[PDB]
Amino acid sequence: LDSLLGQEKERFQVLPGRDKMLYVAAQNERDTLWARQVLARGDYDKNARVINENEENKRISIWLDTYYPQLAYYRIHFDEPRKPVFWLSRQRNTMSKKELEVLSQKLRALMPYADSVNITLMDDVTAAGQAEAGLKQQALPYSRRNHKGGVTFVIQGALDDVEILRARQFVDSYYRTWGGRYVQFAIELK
């Protein structure tokens, strides 16, 4: 996995999709904006679009909010944008290996640059466990609070600037991977 980690990204990736549009895949808000600026300076906007993981997750969610309001899931990962990876909750997953490839397909329809949309069932306890572990790695005390549709980790203790900062970065780290759909975090007020 030396490879995978020292693996070197191309900053933008231009991906013709099934609708004749070229998609340009960016890695963060800043690059999105910039590329989105190039497209307008060159009259490409009728022919290309800029995408990133965060915006597509939001878009997909919006759709899911309507046609799958019941679905129990985490996030979509676009490391390989030609095969997005959709993380679903195994323990609350209520669909036949039929219906899941119906889901897959419908998401494919939403993403013209996707060749296939991979579905992957994730473990509800793995989600929550890794939140806990991370909290210890970054040395923040906490208390866990189960509830109806998830788990809350109320980060506690007195908290310095730095101690506020580190917790903020970790929470974004965790959110980048898991979303805030199962686990949410919160700071306690003393």
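Numbers for residues come from their place in the sequence shown, where the first is 1.
In this crystal structure, the stretch out of 148-156 and 48-56 whose C-alpha atoms carry the higher mean B factor is 148-156. Note on 57-65 vs 23-31: mean CA B-factor is higher in 57-65. When the modelled residues of the chain are ordered by C-alpha B-factor, residue 130 sits in the middle third. When the modelled residues of the chain are ordered by their C-alpha B factor, residue 165 lands in the highest third.
Split the chain's modelled residues into thirds by C-alpha temperature factor. Residue 75 is in the lowest one. When all modelled residues of the chain are sorted by CA temperature factor, residue 18 is found within the lowest third. Among the modelled residues of the chain, residue 91 sits in the highest third by CA temperature factor in this PDB entry.
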